[PDB]
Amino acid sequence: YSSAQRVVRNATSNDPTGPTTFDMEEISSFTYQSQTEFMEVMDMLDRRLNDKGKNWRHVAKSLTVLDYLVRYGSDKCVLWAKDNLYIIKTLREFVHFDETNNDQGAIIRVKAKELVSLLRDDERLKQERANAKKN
């Protein structure tokens, strides 16, 4: 793994805490570097979004990072998310009952539904990204 990949993995691990704001700022900064590094970041989010069951936090945290990247990361992040809208839409139905039979999947479904809606709302996203760049 590259350094950027280790950070993305750290920020999307099973640890029930995180990612932090600094974690997401760091990952966002990685998307403004080489195309190779940008692709390494998105590929690792892609890999985490494919996890299931007990590893549900990998999916929830990766959706958190991805929503942050669509608003603060490079424009290529928005392009990746739109090109891969299928993945995000599929996660709107994610299910995972834990040991006490609580469906921790609700967290993932909400985040996926919210991200699909943000990607749909092109003008809203444009103005939110412009405000981020303004600052």
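Position 1 is the first residue in the sequence shown; the rest follow in order.
Practice task
Identify the stretch, either 110-118 or 14-22, whose C-alpha atoms have the larger mean B-factor according to the entry.
Solution key: If you average the C-alpha B-factors of 110-118 and of 14-22, the larger mean comes out for 14-22.
Practice task
Output the stretch having the higher mean C-alpha B factor in the entry; the candidates are 33-41 and 56-64.
Solution key: Per the PDB entry, the higher value belongs to 33-41.
Practice task
Choose from 90, 50, 102, 84 the residue with the greatest Cα B-factor as stated in the PDB record.
Solution key: Of the options given, 102 has the highest CA B-factor in the PDB entry.
Practice task
Relative to the other modelled residues of the same chain, rank the CA B-factor of residue 97 and answer lowest, middle or highest third.
Solution key: Residue 97: CA B-factor falls in the highest third of its chain.
Problem - residue 8 - which third its CA temperature factor falls in, relative to the rest of the chain - result: Bottom third by C-alpha B-factor.
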